[PDB]
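Chemist: After the structure tokens below, expect a handful of questions from me.
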Amino acid sequence: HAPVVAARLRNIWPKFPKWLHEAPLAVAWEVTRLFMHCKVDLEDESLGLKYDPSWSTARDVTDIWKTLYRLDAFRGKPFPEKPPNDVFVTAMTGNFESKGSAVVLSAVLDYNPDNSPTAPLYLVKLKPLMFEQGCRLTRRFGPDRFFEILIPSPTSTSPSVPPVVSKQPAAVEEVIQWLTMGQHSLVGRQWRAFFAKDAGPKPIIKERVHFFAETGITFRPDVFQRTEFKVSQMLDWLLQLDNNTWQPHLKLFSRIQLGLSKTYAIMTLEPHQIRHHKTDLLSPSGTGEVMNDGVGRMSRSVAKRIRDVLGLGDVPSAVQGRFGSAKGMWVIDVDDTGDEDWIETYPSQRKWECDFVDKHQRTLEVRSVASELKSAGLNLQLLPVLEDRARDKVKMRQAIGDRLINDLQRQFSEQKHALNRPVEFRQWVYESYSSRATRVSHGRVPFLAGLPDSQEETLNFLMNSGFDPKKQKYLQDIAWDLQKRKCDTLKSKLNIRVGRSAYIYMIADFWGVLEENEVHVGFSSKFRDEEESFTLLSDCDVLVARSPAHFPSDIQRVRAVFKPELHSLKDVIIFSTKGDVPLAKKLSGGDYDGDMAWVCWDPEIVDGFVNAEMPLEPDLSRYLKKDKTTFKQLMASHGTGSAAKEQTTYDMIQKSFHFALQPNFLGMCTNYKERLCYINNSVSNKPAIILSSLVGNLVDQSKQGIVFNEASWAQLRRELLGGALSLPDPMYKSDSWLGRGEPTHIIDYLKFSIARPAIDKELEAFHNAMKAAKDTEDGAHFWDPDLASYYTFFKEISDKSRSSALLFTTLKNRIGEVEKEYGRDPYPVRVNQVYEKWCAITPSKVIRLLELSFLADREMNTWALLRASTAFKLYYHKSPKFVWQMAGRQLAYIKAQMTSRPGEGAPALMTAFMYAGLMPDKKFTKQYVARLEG
Amino acid sequence: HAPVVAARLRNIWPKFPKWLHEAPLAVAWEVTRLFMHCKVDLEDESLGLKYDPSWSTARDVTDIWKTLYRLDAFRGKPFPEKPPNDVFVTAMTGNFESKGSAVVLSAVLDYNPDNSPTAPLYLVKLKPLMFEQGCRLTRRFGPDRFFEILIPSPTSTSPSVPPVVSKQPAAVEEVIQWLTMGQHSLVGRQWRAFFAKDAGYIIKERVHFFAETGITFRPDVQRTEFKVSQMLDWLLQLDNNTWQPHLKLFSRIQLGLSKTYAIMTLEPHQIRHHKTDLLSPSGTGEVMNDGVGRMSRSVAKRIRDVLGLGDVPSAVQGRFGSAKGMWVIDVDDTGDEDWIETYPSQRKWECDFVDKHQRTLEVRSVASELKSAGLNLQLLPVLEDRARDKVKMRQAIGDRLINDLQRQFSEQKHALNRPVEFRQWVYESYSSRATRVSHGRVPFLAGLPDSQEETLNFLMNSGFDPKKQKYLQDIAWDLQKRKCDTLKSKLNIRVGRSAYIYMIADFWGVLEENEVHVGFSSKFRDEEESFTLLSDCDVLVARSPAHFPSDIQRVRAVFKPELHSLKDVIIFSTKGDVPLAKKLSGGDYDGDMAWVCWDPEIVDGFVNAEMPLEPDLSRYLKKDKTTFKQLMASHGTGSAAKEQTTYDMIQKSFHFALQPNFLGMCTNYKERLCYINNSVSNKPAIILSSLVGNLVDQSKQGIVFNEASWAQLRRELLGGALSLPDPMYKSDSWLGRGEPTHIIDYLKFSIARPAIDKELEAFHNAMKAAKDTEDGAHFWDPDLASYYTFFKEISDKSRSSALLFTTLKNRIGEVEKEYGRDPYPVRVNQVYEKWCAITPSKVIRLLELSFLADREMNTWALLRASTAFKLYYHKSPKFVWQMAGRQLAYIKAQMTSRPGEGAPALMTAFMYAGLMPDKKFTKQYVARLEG
Ligand SMILES: [Mg+2]
Ligand SMILES: [Mg+2]
């Protein structure tokens with residue numbers, strides 16, 4: 001209770017008018033969206049609202065917007081963005097649920113740029129209805145009963161946050177109280193907060209908050225759509241609270257995320273089909289150490305059901321999932337020769353005490369599956385530890401630079417060779433980037449004005465109509481904008497490719513075949529590395545790591561040993577359950593609940609590496625303070641019985657929100673450590689070991705109830721290190737070397753001595769080159785006489801003209817006006833505005849032939865061809881980007897028309913849909929070129 | 001000798017003029033491939049000879065005949081097949097070799113339809129110059145010194161053979177004598193015969209000649225005179241191999257002719273000749289690695305390098321000096337030195353390995369990624385013979401087949417319901433990639449692709465729907481009907497978990513006797529399941545064909561981590577009494593592939609039989625073991641004696657190679673008798689299996705087996721005499737008394753046929769769908785009359801465009817009538833040409849767009865297409881689609897376009913040809929469509 005805030009925090013939500021009370025939920029949502037967007041008051045008695053019965057039977061939101069919009073006070077604009085039909089229909093008529101998909105209600109709040117109280121404080125924008133995979137909780141209670149927002153973090157220091165908040169210490173407590181203390185009215189439902197978490201110049205970080213529709217004007221009581229139901233009951237259903245009062249309440253709150261986890265429901269197992277183990281697999285040496293933390297077995301038939309319901313090409317050996325209170329990985333049991341369904345759970349997987357009685361507690365839900373692997377490369381954060389652990393550091397660093405030079409050289413040579421033939425460049429462009437998901441989503445290649453959205457898609461669209469990247473400069477320009485952007489990425493990220501490396505799910509050996517420093521890695525298919533291929537790993541040393549590696553010991557060198565017993569387990573890496581300490585825990589305190597290891601079998605990288613033992617970590621208890629307060633201790637303030645328990649549940653939500661919304665120091669302490677280790681050039685001295693241990697403890701902050709605030713951070717740097725004082729940014733944060741003399745630090749050296757010269761050298765190759773193209777014949781020009789085809793045709797006519805003539809003059813004039821418009825807000829919207837003026841350039845008997853009005857799509861007429869070519873003749877000069885962006889599409893048609901030859905096959909006019917479904921045939925390319933080359 | 005036949009063959013070959021002794025060998029070819037076709041001769045007179053040149057410096061062909069025909073001349077329908085430029089260039093300027101390819105001189109002889117005696121007997125046609133992979137012999141002596149012909153076999157037997165030869169018994173000796181006794185003049189060279197064998201593909205035999213001299217050669221002891229006897233002595237180092245049976249020695253000549261890639265020449269210190277093979281550990285003395293040896297890892301990387309393979313191959317089939325067989329990477333090789341070994345069982349003659357060409361590794365083939373083999377019908381009788389429960393075996397195979405049949409019929413019918421899906425199915429139903437590669441586009445006949453399948457996709461890609469447009473519906477139907485025929489004629493048992501795999505022997509002592517190791521180079525996919533290797537299961541292995549009950553064996557797949565690096569080969573134990581390979585129809589490790597099957601249903605019921613007690617067939621099978629040394633005894637000693645002995649061996653061995661092949665005949669008899677007996681394990685079956693097994697090695701075993709022997713065998717051990725009928729399953733229908741009882745009969749006629757016929761009833765019930773079910777699919781499409789209606793509207797206030805439109809309709813009508821009225825593609829073209837001939841101030845300039853080099857991209861072509869459609873969709877649907885399909889598709893794609901719903905794409909013919917349907921798009925897109 002500040003109050004300052006309030007009154008601000010009014011009144012934050014859009015009102016729900018009486019004329020709109022006959023819903024339905026989806027209409028209410030999407031109509032409210034048109035009103036907020038157009039800036040139209042929903043409690044306006046000047047507009048004569050109303051309620052279109054027709055909206056009730058609507059299957060396209062555009063129908064409940066063209067209403068409307070109409071009215072005159074809606075124009076505007078167009079948009080909102082608009083929910084897809086299939087989504088809208090599901091929300092309207094399919095229960096907010098389409099197979100596995102939930103319809104999602106979401107909003108983003110940004111600080112009100114306004115001011116004074118009684119202005120809101122937050123502006124709310126409602127997202128369009130959308131599909132996202134469901135979760136336990138939306139399958140149990142209905143997707144329509146869940147609402148999520150992104151909201152500016154109230155403890156965000158700083159400086160672009162309103163004064164009103166935080167120069168008024170605690171009302172951080174007022175914001176949370178607003179969030180949690182009562183219900184929020186939105187679109188005729190009563191929403192109550194039950195979860196908060198971090199989100200999925202310098203902006204204010206937002207936190208994601210989840211609300212449950214406890215009631216609304218359509219619900220009904222109760223005990224004993226759609227029935228009233230409290231958040232305390234919902235969470236009791238999820239967590240079986242009666243049996244979990246012993247738990248620290250912050251930790252218990254953190255388990256709510258397991259009901260929100262986006263997962264595929266696979267199958268419900270019978271009780272007799274479930275094996276709950278009372279004990280984990282423990283260290284053989286008596287350390288009491290858990291050797292299979294987060295991992296269990298499943299039967300083979302269970303894994304086949306997962307292939308089945310998910311539609312996988314193959315039975316997966318392991319999956320990341322949930323099952324009642326159990327969370328982690330399940331791996332097929334290699335000893336299963338039966339065909340009966342079963343699964344097991346271990347104490348380390350079970351996050352609360354669950355009776356596993358209702359079918360939703362006994363349903364296997366899949367988050368992700370072990371899939372075919374792809375090369376990982378080397379991230380620059382691994383480098384300092386790799387260098388630290390090198391038997392010889394000068395050679396390590398010479399080698400890593402050579403590798404980066406070579407890989408770069410290698411990717412340039414392949415690009416420039418492929419460029420020499422359209423079939424080959426198309427194949428290279430296709431392989432460089434996946435567009436299939438975009439294509440599946442739109443039922444076509446999406447266009448911005450006259451060309452595809454995507455640069456890659458633009459290249460192939462144009463080459464498929466006969467343009468040549470070595471002949472047309474525009475194709476050339478894009479081809480190298482692309483190679484530039486990729487150089488930028490390499491110097492920023494230093495993602496040096498290492499062909500023999502992959503991220504692989506870690507699994508523990510239940511079967512007792514791997515000795516302590518042995519790992520088993522078999523692949524589901526051929527893993528290719530330039531000249532060499534692998535279906536498995538055997539008799540070689542490998543490096544394993546989890547990202548991020550901080551301690552010198554966070555990367556380990558071990559022996560890859562293929563065990564025939566584990567032959568069936570593919571695309572996972574199995575660690576021994578022998579020894580004192582599981583290998584997983586040595587890899588940055590990891591485990592087997594979904595962790596993936598960086599696995600590297602590259603000889604040059606593996607062979608110079610020397611293992612370090614675990615660090616003696618410091619006691620940080622003075623700075624890191626765990627709140628261990630249990631649900632039982634919170635309930636003692638209210639007493640005993642159902643009302644006591646209900647209020648305790650809400651206490652837990654409120655205290656845990658107050659915890660979740662505190663600043664994240666993980667990021668801050670990680671950056672300090674980056675900076676400190678950089679200046680010291682050491683990842684193994686005492687300060688380095690202290691900070692690595694620090695950030696290691698902050699990773700589990702949320703479920704450990706670790707309190708760590710600003711005063712404690714300062715105290716810890718004061719007492720154990722620095723340099724309150726900002727440490728300078730590493731030099732490698734800048735684009736050019738701003739250091740003194742030669743780079744000494746390995747990242748500076750790799751970015752500045754190696755990558756930057758090599759890039760600029762590789763770019764001096766084809767600017768050279770440009771330049772070498774006047775008329776060697778080759779080279780690459782903007783001009784193409786083929787595309788002035790219709791121009792010259794109608795100028796001849798035009799001559800000759802009378803008055804075609806006049807038509808042709810207006811045309812050139814209008815194009816000129818629109819190029820001027822192109823010369824002068826987000827980018828795609830502005831381009832569209834110009835595209836629309838472009839399309840508005842419109843024309844007995846000559847106009848009828850140019851117009852072909854029997855075609856519903858204007859942009860397929862002969863006029864569009866003429867307009868495109870005239871614009872080309874006039875502007876290929878001059879404004880090359882203007883012409884291609886507006887008319888790319890018809891330039892392509894003209895090109896395919898013009899290059900066609902009698903008796904040399906037929907050009908194909910493909911529908912947008914049918915075109916999106918084809919891919920380059922790599923065998924064709926390869927075989928066709930092979931015959932071209934004798 | 002033999003009175004006639006001579007001189008009824010002493011010209012045969014041109015006929016090599018004054019006068020063209022000059023100008024490169026290629027030029028000559030090639031020119032003497034013109035008196036050949038078409039005519040002229042020797043021999044003149046008229047009209048002008050010798051020189052051009054270029055000719056004597058050309059780079060085409062092509063040309064040359066462009067000198068030609070002065071002449072005038074012929075004028076003989078200017079068409080010889082014609083050698084490719086790069087080939088001709090190589091033969092002209094590149095030594096007949098580039099770099100791995102040899103230029104090949106070949107001809108085909110057919111019997112002279114003429115007669116009597118002074119006429120040739122053979123007509124010879126010279127093939128155009130061509131590239132083929134070289135061999136040891138062309139690399140050593142030059143591809144230009146070798147000439148090969150196909151020649152009718154003088155011992156066939158019969159009917160369509162000239163009189164002329166047999167019934168003049170033993171002029172078969174006269175033909176061979178002609179072939180071998182002396183030199184043959186051809187294009188200015190003197191060719192001598194040194195090898196004969198059966199053809200690569202009245203049966204003809206392939207004969208090989210070597211240019212011993214010619215009017216460009218030079219004395220000794222381009223280039224130099226050299227005898228066939230010297231060339232063979234270089235190859236086989238005859239001095240040290242006189243101990244060999246001369247037929248077997250002759251057989252080894254094939255090793256010099258084997259088409260191989262030269263990889264690298266190893267130094268002497270890098271070669272390891274073992275004096276002994278790996279022998280049975282039981283003391284049987286059996287060779288356990290027959291035909292196989294190890295190579296170092298660096299050698300195998302050199303093979304990947306020079307062959308441009310994507311990976312190091314674990315094993316290769318090759319030659320190396322006298323050694324023939326497989327070489328496998330030594331898994332124990334941790335060095336990087338080049339080495340190879342040879343074994344007695346690999347070495348086919350005593351070789352010093354001195355010459356670089358005796359020490360060059362030559363690759364015939366390499367172990368490559370595997371694909372599914374399925375089950376060959378020939379294996380079924382033995383699978384059934386060895387079934388623990390034959391009733392259950394037969395039932396599973398039929399169930400397997402019924403299910404496959406119903407699956408593939410239901411999949412076509414389902415795919416039909418969505419154009420993305422039907423396009424995918426159509427694409428997967430037949431491969432068009434090679435046609436597309438060859439043409440640089442999809443070939444069209446008139447207005448539509450050549451191919452029905454390509455037509456379906458072309459039309460669907462512009463927006464037509466096979467459930468809506470009857471034209472597409474009729475084609476799809478036609479394809480299934482057509483597929484049904486093929487199924488009835490081609491019984492197919494489908495088995496995903498099987499492959500043919502190169503057999504290799506375990507040099508490393510890790511596999512127990514009934515264990516095999518199989519690792520794959522990549523994922524071997526079978527519908528629901530994938531394998532990168534085989535472990536902990538039983539597998540069946542066999543070599544095709546399997547004859548004896550024991551020719552298929554069930555063994556244990558055990559993955560040995562020591563052998564993990566060996567991929568796409570199967571490794572057999574070198575323990576036990578007898579090598580597994582030998583049990584697989586007398587096989588070995590020199591290139592044999594095993595049928596490997598790990599399908600549980602097929603493996604499970606199988607019970608191993610032991611090796612059969614084979615009968616003594618000495619009386620019928622007669623081995624001539626006469627050695628080269630015994631042949632040489634009739635001439636004496638020294639170089640002259642040796643030379644004539646070599647020619648002796650060619651003559652004698654030609655006489656042996658040209659005798660009828662009974663392997664085929666005895667194999668057919670066995671199939672027919674075992675079918676009648678419904679037994680592959682009774683006494684006549686064992687006798688016939690043992691017979692054909694002995695006939696496989698006939699050539700290098702010098703086994704003589706003629707008609708008298710075959711008839712005596714049949715008489716004594718069998719058998720009619722008497723022609724066995726064909727098995728019922730060689731006829732298309734069952735005819736056939738009652739129910740099929742033979743397993744193949746049962747599967748074909750009792751299982752497959754009733755399923756196929758139940759499916760020809762499904763389609764025919766849907767033919768009568770039909771009337772006006774509103775679906776129905778129709779020929780009518782108002783989209784396709786687009787331009788028609790547009791121009792009738794303009795022609796209404798005509799005045800003028802009316803007249804233009806009236807001529808158009810008229811001329812289309814004339815061409816429709818022409819379509820109503822040789823071969824097929826030629827006639828269609830004629831009509832297409834008249835159709836394209838239908839051609840048109842400002843309106844005609846807009847319709848014509850003459851700046852377009854391709855007429856058929858005109859707005860007029862669109863107008864012509866739709867007015868033809870409007871006027872004829874009803875009456876002559878095939879006419880309009882055949883002529884105008886192309887533009888009907890353009891119209892459809894234009895019409896069907898909607899603003900803000902994406903852009904149609906005008907693809908070039910070439911760029912369209914290089915795209916395939918994306919299976920993942922199909923699959924993901926429909927998944928989204930279905931909620
Ligand atoms: Mg974990
Ligand atoms: Mg063999």
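By order of appearance in the structure tokens: chains A, B, ..., then residues from 1 within every chain, and ligands from 1 in the order shown.
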Around ligand 2, which protein and nucleic acid residues have at least one atom no more than 12 Å from it, if we count only C-alpha atoms and all ligand atoms? List them as JSON, numbers by chain.

Modeler: {"B": [289, 290, 291, 292, 317, 324, 325, 326, 345, 346, 502, 503, 504, 543, 544, 581, 582, 584, 585, 586, 587, 588, 589, 590, 591, 592, 593, 594, 696, 697]}

Chemist: As a ChimeraX atom specification, please: every protein or nucleic acid residue near ligand 1 (cut-off 12 Å, counting only C-alpha atoms and all ligand atoms).

Modeler: /A:292-295,320,327-329,348-349,505-507,546-547,584-585,587-597,699-700

Chemist: Excluding same-chain residues fewer than 6 positions from segment 903-914 of chain B, what lies within 9 Å of it counting only C-alpha atoms, as a compact mmCIF listing (two decimals) with N, CA and C atoms, in the first residue's frame?

Modeler:
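Saved the output as part35.txt:
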# COMPACT_ATOMS: atom_id res chain seq x y z
N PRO A 422 23.02 -21.55 -62.48
CA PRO A 422 21.69 -21.48 -61.86
C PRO A 422 21.16 -22.76 -61.17
N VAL A 423 21.23 -23.94 -61.79
CA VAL A 423 20.80 -25.15 -61.07
C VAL A 423 21.57 -25.33 -59.77
N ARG A 444 2.02 -21.42 -49.02
CA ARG A 444 2.68 -20.75 -50.14
C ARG A 444 3.92 -20.00 -49.66
N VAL A 445 4.69 -19.48 -50.61
CA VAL A 445 5.80 -18.55 -50.33
C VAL A 445 5.24 -17.14 -50.08
N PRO A 446 5.39 -16.61 -48.85
CA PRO A 446 4.88 -15.26 -48.63
C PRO A 446 5.69 -14.19 -49.37
N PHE A 447 4.97 -13.19 -49.88
CA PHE A 447 5.54 -12.12 -50.67
C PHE A 447 5.43 -10.82 -49.90
N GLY A 450 6.21 -7.16 -54.61
CA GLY A 450 6.37 -7.99 -55.82
C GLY A 450 7.37 -9.12 -55.73
N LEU A 451 7.86 -9.40 -54.53
CA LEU A 451 8.90 -10.42 -54.33
C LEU A 451 8.71 -11.15 -53.00
N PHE A 461 13.15 -17.79 -56.64
CA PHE A 461 12.01 -17.36 -57.42
C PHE A 461 12.48 -16.77 -58.74
N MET A 463 15.61 -17.03 -60.25
CA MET A 463 16.34 -18.02 -61.06
C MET A 463 15.42 -19.05 -61.72
N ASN A 464 14.31 -19.38 -61.06
CA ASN A 464 13.34 -20.33 -61.61
C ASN A 464 12.60 -19.77 -62.85
N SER A 465 12.62 -18.45 -63.01
CA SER A 465 12.10 -17.80 -64.23
C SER A 465 13.23 -17.46 -65.22
N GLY A 466 14.45 -17.88 -64.91
CA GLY A 466 15.54 -17.76 -65.88
C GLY A 466 16.61 -16.72 -65.62
N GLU A 859 -2.87 -8.71 -60.98
CA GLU A 859 -1.44 -8.72 -61.15
C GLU A 859 -1.00 -9.81 -62.16
N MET A 860 -1.98 -10.51 -62.72
CA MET A 860 -1.76 -11.49 -63.78
C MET A 860 -2.15 -10.94 -65.16
N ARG A 889 7.91 -9.86 -59.50
CA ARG A 889 6.98 -10.90 -59.94
C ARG A 889 6.68 -10.91 -61.46
N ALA A 892 9.81 -11.51 -63.67
CA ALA A 892 10.05 -12.94 -63.74
C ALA A 892 9.21 -13.60 -64.84
N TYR A 893 7.95 -13.19 -64.96
CA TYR A 893 7.06 -13.74 -65.97
C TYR A 893 7.58 -13.42 -67.33
N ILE A 894 7.91 -12.14 -67.52
CA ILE A 894 8.44 -11.66 -68.78
C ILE A 894 9.72 -12.42 -69.16
N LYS A 895 10.60 -12.61 -68.18
CA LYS A 895 11.84 -13.34 -68.40
C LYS A 895 11.57 -14.76 -68.86
N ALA A 896 10.57 -15.41 -68.26
CA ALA A 896 10.27 -16.80 -68.62
C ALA A 896 9.55 -16.88 -69.95
N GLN A 897 8.80 -15.84 -70.26
CA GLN A 897 8.17 -15.75 -71.56
C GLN A 897 9.24 -15.56 -72.61
N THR A 899 12.57 -16.04 -72.70
CA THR A 899 13.66 -16.99 -72.92
C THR A 899 13.18 -18.32 -73.46
N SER A 900 11.87 -18.47 -73.57
CA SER A 900 11.31 -19.69 -74.09
C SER A 900 11.66 -19.81 -75.55
N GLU A 904 11.97 -26.43 -77.31
CA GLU A 904 12.91 -26.62 -76.21
C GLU A 904 12.18 -26.69 -74.89
N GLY A 905 10.97 -27.25 -74.94
CA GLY A 905 10.21 -27.51 -73.74
C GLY A 905 9.24 -26.40 -73.42
N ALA A 906 8.34 -26.67 -72.49
CA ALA A 906 7.34 -25.69 -72.12
C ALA A 906 7.58 -25.11 -70.72
N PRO A 907 7.58 -23.77 -70.63
CA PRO A 907 7.50 -23.12 -69.34
C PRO A 907 6.24 -23.54 -68.62
N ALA A 908 6.32 -23.62 -67.29
CA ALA A 908 5.20 -24.07 -66.48
C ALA A 908 4.67 -22.93 -65.63
N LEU A 909 3.38 -22.66 -65.70
CA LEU A 909 2.80 -21.66 -64.82
C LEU A 909 2.22 -22.34 -63.59
N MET A 910 2.93 -22.21 -62.49
CA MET A 910 2.57 -22.90 -61.26
C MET A 910 1.76 -22.00 -60.34
N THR A 911 0.79 -22.57 -59.65
CA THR A 911 0.03 -21.84 -58.67
C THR A 911 0.96 -21.58 -57.48
N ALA A 912 0.68 -20.53 -56.70
CA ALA A 912 1.48 -20.22 -55.54
C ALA A 912 1.56 -21.42 -54.58
N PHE A 913 0.43 -22.08 -54.36
CA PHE A 913 0.41 -23.25 -53.50
C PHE A 913 1.27 -24.39 -54.01
N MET A 914 1.09 -24.75 -55.28
CA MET A 914 1.81 -25.88 -55.86
C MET A 914 3.31 -25.61 -55.99
N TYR A 915 3.66 -24.35 -56.19
CA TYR A 915 5.07 -23.97 -56.21
C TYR A 915 5.72 -24.16 -54.84
N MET A 919 10.75 -28.85 -54.10
CA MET A 919 12.11 -28.53 -53.66
C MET A 919 13.10 -28.88 -54.78
N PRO A 920 14.29 -28.26 -54.77
CA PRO A 920 15.29 -28.69 -55.73
C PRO A 920 15.66 -30.17 -55.55
N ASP A 921 15.80 -30.86 -56.66
CA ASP A 921 16.15 -32.28 -56.69
C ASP A 921 17.68 -32.39 -56.79
N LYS A 922 18.33 -32.68 -55.68
CA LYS A 922 19.78 -32.72 -55.62
C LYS A 922 20.39 -33.74 -56.59
N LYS A 923 19.74 -34.89 -56.74
CA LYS A 923 20.18 -35.86 -57.74
C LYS A 923 20.09 -35.34 -59.18
N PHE A 924 19.01 -34.64 -59.51
CA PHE A 924 18.92 -34.00 -60.82
C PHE A 924 20.13 -33.09 -61.04
N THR A 925 20.27 -32.10 -60.16
CA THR A 925 21.39 -31.16 -60.23
C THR A 925 22.70 -31.89 -60.48
N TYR A 928 22.70 -33.88 -63.89
CA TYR A 928 22.65 -32.95 -65.04
C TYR A 928 23.97 -32.24 -65.28
N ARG B 433 13.48 -38.89 -63.59
CA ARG B 433 14.70 -38.09 -63.46
C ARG B 433 15.69 -38.27 -64.62
N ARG B 436 14.52 -36.49 -67.64
CA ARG B 436 14.66 -35.05 -67.39
C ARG B 436 16.12 -34.64 -67.52
N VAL B 437 17.02 -35.45 -66.97
CA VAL B 437 18.44 -35.17 -67.07
C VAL B 437 18.90 -35.17 -68.52
N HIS B 439 17.21 -34.65 -71.30
CA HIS B 439 16.61 -33.64 -72.14
C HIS B 439 16.86 -32.22 -71.64
N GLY B 440 17.24 -32.08 -70.37
CA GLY B 440 17.38 -30.77 -69.75
C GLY B 440 16.01 -30.14 -69.57
N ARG B 441 14.99 -30.99 -69.45
CA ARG B 441 13.61 -30.56 -69.36
C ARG B 441 12.69 -31.77 -69.48
N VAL B 442 11.41 -31.59 -69.15
CA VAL B 442 10.42 -32.63 -69.45
C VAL B 442 9.95 -32.60 -70.91
N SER B 462 -0.64 -26.50 -62.20
CA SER B 462 -1.34 -25.28 -62.64
C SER B 462 -2.75 -25.19 -62.04
N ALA B 893 -4.02 -21.49 -64.14
CA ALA B 893 -3.17 -20.85 -63.14
C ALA B 893 -3.40 -19.35 -63.09
N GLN B 894 -3.72 -18.74 -64.24
CA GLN B 894 -4.07 -17.33 -64.24
C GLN B 894 -5.39 -17.14 -63.50
N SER B 897 -5.68 -17.67 -59.57
CA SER B 897 -4.92 -16.75 -58.76
C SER B 897 -5.85 -15.77 -58.04

Chemist: For segment 487-498 of chain A, list every protein, DNA or RNA residue within 7 Å, evaluated using only C-alpha atoms, and leave out those in the same chain fewer than 2 positions away; present the list as a PyMOL selection string.

Modeler: chain A and resi 376-380+404+407+483-485+500-501+751+755-756+759

Chemist: Quick one: pull the distance between atom CA of residue 781 of chain A and atom CA of residue 474 of chain A, Å, one decimal.

Modeler: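 For atom CA of residue 781 of chain A relative to atom CA of residue 474 of chain A, the distance reads 8.0 Å.
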
Chemist: Residues near residue 2 of chain A, anyone? I mean within 7 Å using only C-alpha atoms, not counting same-chain ones fewer than 3 positions away, as a PyMOL selection string.

Modeler: chain A and resi 5+170-171+174

Chemist: Taking only C-alpha atoms into account, name the residue in A:347, A:113, A:202, A:233 that is nearest to residue 214 of chain A.

Modeler: A:233

Chemist: For residue 786 of chain B, list every protein, DNA or RNA residue within 12 Å, evaluated using only C-alpha atoms, and leave out those in the same chain fewer than 3 positions away; present the list as a count of residues only.

Modeler: 31

Chemist: Have a look at B:61, B:743, B:4, B:151 and name the one nearest to residue 168 of chain B; count only C-alpha atoms.

Modeler: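 Of the candidates, the smallest distance to residue 168 of chain B is held by B:4.
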
Chemist: Considering only C-alpha atoms, return as a list in words whatever protein or nucleic-acid residues lie within 8 Å of residue 698 of chain A, sequence-local ones (same chain, fewer than 5 positions apart) excluded.

Modeler: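 The residues that qualify are residues 665, 666 and 706 of chain A.
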
Chemist: Provide the atom CA of residue 915 of chain B to atom CA of residue 452 of chain B distance in Å, to one decimal place.

Modeler: 18.0 Å
